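Take a look at this single chain in structure tokens; it is the form deposited in one PDB entry.
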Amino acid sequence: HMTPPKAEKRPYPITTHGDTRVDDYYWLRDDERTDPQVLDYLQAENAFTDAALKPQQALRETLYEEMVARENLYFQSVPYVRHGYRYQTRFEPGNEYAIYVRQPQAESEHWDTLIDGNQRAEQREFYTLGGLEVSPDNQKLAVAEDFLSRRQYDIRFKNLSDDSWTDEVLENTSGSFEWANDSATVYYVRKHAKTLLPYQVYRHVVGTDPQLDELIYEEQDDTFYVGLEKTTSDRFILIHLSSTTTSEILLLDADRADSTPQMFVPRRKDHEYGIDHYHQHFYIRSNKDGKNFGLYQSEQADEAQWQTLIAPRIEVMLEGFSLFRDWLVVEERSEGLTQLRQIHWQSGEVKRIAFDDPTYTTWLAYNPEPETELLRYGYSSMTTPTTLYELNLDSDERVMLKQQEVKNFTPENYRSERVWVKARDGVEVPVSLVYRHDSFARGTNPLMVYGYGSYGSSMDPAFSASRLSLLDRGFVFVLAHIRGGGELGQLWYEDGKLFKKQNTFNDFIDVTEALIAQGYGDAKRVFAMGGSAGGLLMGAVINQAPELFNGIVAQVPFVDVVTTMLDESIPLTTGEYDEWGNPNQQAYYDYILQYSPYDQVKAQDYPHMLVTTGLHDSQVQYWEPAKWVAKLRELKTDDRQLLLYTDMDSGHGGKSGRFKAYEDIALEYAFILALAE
């Protein structure tokens, strides 16, 4: 039917290591966002998408309404106790934002409002609450708020005695701050007034002129993120410096005036470590002896005095730990399962938290107080909605505290499986999939295969209410736990990045091929989705295995990989050399160029595809997907659907901003469901 937009070609040569690549759409990049010929192309593509998808409006409404009708109109957090006050988060119907309340622990009846997001958002274009913490003496409330949606937080202070605000604001912060134990001094992280990278730590006396704030630390390498932490003991505020590879912690005495940063262990390439302090010891999670991490105890900083509590094991990844009165609890991964283990400080007794589900995730929830036997931990599976449990560490009594509520949901209607696929190199790849039992017939069902597979981030199998809209229409939903993710620990990550990145894409194809071969789905109705580094995955897999998929959704996709990674002017590029590599080196240029989706678009048949991007707040800049679609329109040989949807809306932190997310899901699901009919 309709003629799609055709962007002007302006051949722009890029020569590196004597290799000339001609980019015809370089100009779709406009750092200023002025150039009206760029806006015209994004606007023209949006108009083409609106018109191509106009017949799916009814379906988009059915999908939107059934996703909203699953959730409650009310939300009340599980109350927690900190420093002798109980805290709860309250979402009322009609309100755009949460209300934050508290009471003294010995009180039940009355609750005080700490902060009402709705009052805070009045006469502002944007509101997001980045952070909320009462001073140790329970008299002052620090809040980190963003009124501009650029994630530059203002810190302000409220006197709880009379509900009056202090006069100052700390501006361009990360929203990361800590109270000294005097309830009068806060440390906070300033961002670079240009790069907006967190880089300075300041000390602020509450109520005073931010002008008088003392510079405590400045990070020199902008690849080291700067964060603040406070130890369980309350003895130290921690300046946490980390790149993707490498850590360094400085100690601030939280009890005394005029503290200066005390080196813990100075940074050293490929040594990652994080600490706490409790029972007069430092506890250190460190990879110094093994990539899967160990846990050490020390009386002091010096690495030579670190005593092994838990040695690194090749088969068990150590992800994190919480400290309690009588127990260490650790978060681990073994055999493609997340697990929780508890070790008694005195007896050394070991217990495992046991589950009965093939495709679940478990994690340490919020435990702000260490003087208890009660561990709170979270559970979710592809069939069981997200649940908060409280475990008596001594007695093993497990009580449910909260279940995710899902209306119109019958859990026994659904089945899940863990499957292992032998990848082309003999490596075993775990897969989690779920489906509706009564609409299943092998070789018959559409497949939606989801992947990410970068940064060591794991697509852990959990519940999705929205996912029910595909399950109840015959779809088999697949998580492909491909290399580049963290499902099998640090080695799974490292075998999916830099000179191993191709394994990410090979794993996704191998998994899809095996699932079809073994009868999980219809070979003619295989669909895939990924966002961001998941969009890199979508982009590489359709260049390399175009026939495998009927249809693809690629969200805010990283696709112009060589060009972006050659230009430090693009925010994120300086930070990402340890993921993809540095193409200013020919080894990385050649390795990255082989799979860079924009560069490897060729004149061949592609699947149906919906591509999304944003003009404003973005990881991947809008021009990558825009250039990608323009090149695909120019070379692809098929006559299938190719749509670019650019979000022009300015950003929304209210309940309506959650309802926008449901609208996007509905448009994407209606696109795939129309293709599968």
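Just count from 1 along the sequence shown to find any residue number. Take the two forms, find the largest set of C-alpha atoms that superpose within 1.5 Å, and that set is the rigid core.
Below: the form deposited in another entry, not depicted.
- Rigid-core fit between this form and the one not shown: of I516, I115, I310, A587, the one residue whose Cα shifts 2 angstroms or more is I115.
- Shown in the overlay between this form and the one not shown, fitted on the rigid core, is a CA shift at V399 smaller than 2 Å.
- Once the cores line up, the CA of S650 ends up 2 angstroms or more apart between this form and the one not shown.
- In this overlay on the rigid core, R442 has a C-alpha that sits less than 2 Å away from its partner position between this form and the one not shown.
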